[PDB]
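[1] Just need the structure, nothing else, for what follows:
(chains A, B, C and D)
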Protein chains: 4
Amino acid sequence: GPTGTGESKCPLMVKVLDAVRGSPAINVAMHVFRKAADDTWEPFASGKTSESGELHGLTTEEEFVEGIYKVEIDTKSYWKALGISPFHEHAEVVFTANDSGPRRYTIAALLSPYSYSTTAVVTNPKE
Amino acid sequence: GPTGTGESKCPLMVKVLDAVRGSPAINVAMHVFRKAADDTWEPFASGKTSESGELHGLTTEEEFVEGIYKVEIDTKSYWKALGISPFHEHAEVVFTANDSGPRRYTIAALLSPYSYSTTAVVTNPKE
Amino acid sequence: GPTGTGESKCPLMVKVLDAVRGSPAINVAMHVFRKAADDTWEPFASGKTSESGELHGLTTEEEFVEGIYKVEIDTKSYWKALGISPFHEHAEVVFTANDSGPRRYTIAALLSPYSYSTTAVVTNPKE
Amino acid sequence: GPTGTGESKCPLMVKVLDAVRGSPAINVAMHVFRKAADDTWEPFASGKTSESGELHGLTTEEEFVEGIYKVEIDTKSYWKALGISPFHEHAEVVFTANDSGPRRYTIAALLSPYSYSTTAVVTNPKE
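    Residues are numbered from 1 along each chain as shown, chains lettered A, B, ... in the order given. Dropping the coordinates below:
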């Protein structure tokens, strides 16, 4: 069931890989925003990837209602810390969530200094 | 491309490909913005891809000064036209331009219903 | 420790995602080959992805010795079963394994009818 | 491209890009093979990328009949030249050509030390 600001079925998970080192991307900062009624972007959640390159517990089933969400990935900080001057300021993922009921979302991203790819895996909830 | 203040000596080019059909992505709309003092996004250029999946003559070299730019691609419309329910609201590319100062950029986007990848090719004005 | 033809630390794992449906790629066949002394490709292991789009237990630490390995992914069968006529016959991953001691390898692949991407995550063994 | 029996009306083109430096991948060697009766791979064409990361004039339309082709890219040499230890031995693209019969193909490869992606653009000879 729901929860309220932590980690229901884990309705939203993010995974990041580094294509240069062949490893999980660790300590990568991320901010999530939701489009508010007035049409602006409101802060929703933030965190950093673990040593496994994942970010879990951003929200709960109860709190993750229908709307348009934006996941901002701080790729620039990550490359600079390694001595590389990257092309993008950050990577962005914008999507509509739960318009036909609750779903679980896994966002995956693969990073290179001059290129990034993002994909999503969507599942119909629990079994 | 002619020139002057915005559109075609072509310091900025965009190419879009479709990974489902294996062809150029045609009639794809896009808007270009420039970050202003206030941190908001100012309108700069726009167009739609040609039959070869390309967009040229967006700007000119005199107009295209050092700044942070955002390319927003209407991928959602593209897939809805083909009768497919896509995941992303749109695709965004945010980057810092010039550095050496004036420079030539190629932005490529590869689209799939639940995924997208983008790369930049930066060329030699520079020295 | 080792084992002998099943599943040590799980020295080799494969994960496949479908970019068209936004889901794990299930029932995807794969064959692994190792380059023999005589320079030919010898059968090493085979299996099919689970409902989670993963293939575990292909070998053990003991059996996965130094060499050049080839992972053949049967992408053509997978698309045909969905009614799509894809471009590639199959996808191939060729690499040298354990030349500086035992490592754990995760091979990930993202599929589209006309495009595929593959990446690897390599780890230094157990903790 | 001239023509005759193999090399340049250009039914087959290959483009290679570097995701680490954001530029065309130059001087990349590649071999093209055609599957014969015996199921072994017969030599068909070869070359290395130009300063724009492209290879044209591999074959001619008369020579390029329906069959299964394999493009093998020496990515390993490319990275070793730049002082980087790559994961793959090489990159391979295996596909069936013609169907409508005669047709025009563009194969693009995006390279990273531990990752690679490939897409095909197929054009209209066909009808």
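
[2] which phi and psi does residue A:75 have?
    Dihedral pair for residue A:75: phi -70, psi -30, per degrees, to the nearest 10.

[3] how close does it get to chain C?
    16 Å (Cβ to the nearest Cβ, to the nearest Å). For the C-beta atoms, the positions are set from N, CA and C on the backbone; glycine is no exception.

[4] Same check on residue A:117?
    6 Å.

[5] go on, residue A:11?
    Taking Cβ to the nearest Cβ as the measure, residue A:11 falls 15 Å from chain C.

[6] same thing with residue A:83?
    The value you get for residue A:83 to chain C, if Cβ to the nearest Cβ is used, is 21 Å.

[7] Quick check: that residue is in a helix.
    No. Counting by DSSP: H, G, I helix; E, B strand; the rest coil, residue A:83 is not found in a helix; it is coil.

[8] Can you report how many residues lie near it?
    For residue A:83, the count of nearby residues is 6 (other Cβ atoms under 10 Å in any protein chain shown).

[9] Then residue A:126?
    By other Cβ under 10 Å, 10 other residues sit near residue A:126.

[10] For chain A, what lies in contact range of chain B?
    A:68, A:87-90, A:92-96, A:112, A:114-122 (Cβ under 8 Å from any Cβ of the partner chain).

[11] let's see it at 6 Å
    Residues of chain A found near chain B (Cβ under 6 Å from any Cβ of the partner chain) are A:87-89, A:92, A:94-95, A:114-115, A:117, A:119-120.

[12] Filter the residues you listed down to the ones in strands?
    Mapping the residues of chain A next to chain B onto strands (DSSP state E) picks out A:92, A:94-95, A:115, A:117, A:119-120.

[13] Let me see the ranges of the strands in chain A.
    Using DSSP E, strands in chain A cover A:12-18, A:23-24, A:29-35, A:41-48, A:54-55, A:67-73, A:91-97, A:104-112, A:115-123.

[14] Next, find the distance separating residue A:36 from chain B.
    Applying Cβ to the nearest Cβ, the value for residue A:36 to chain B is 15 Å.

[15] And that residue, how close does it get to residue A:70?
    Between residue A:36 and residue A:70 the distance, using Cβ to Cβ, to the nearest Å, works out to 12 Å.

[16] before we move on, back to that, kindly reformat the residues of chain A next to chain B as a markdown table containing neighbour count.
    What follows is the residues of chain A next to chain B, written out as a markdown table (neighbours: other Cβ atoms under 10 Å in any protein chain shown):
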| residue | neighbour count |
| --- | --- |
| A:87 | 25 |
| A:88 | 22 |
| A:89 | 18 |
| A:92 | 21 |
| A:94 | 21 |
| A:95 | 20 |
| A:114 | 24 |
| A:115 | 28 |
| A:117 | 27 |
| A:119 | 24 |
| A:120 | 19 |
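
[17] Wait, residue A:105 touches residue A:12, no?
    Yes. At 5.2 Å, residue A:105 counts as touching residue A:12 under the criterion of Cβ atoms under 6 Å.

[18] Looking at the two, which is more packed in?
    Remark: of residue A:105 and residue A:12, residue A:12 carries more neighbours, 25 against 22, as counted by other Cβ under 10 Å.

[19] contacting residues for the more buried one?
    A:58-59, A:105 (Cβ atoms under 6 Å, 6 or more residues apart in numbering or on different chains).
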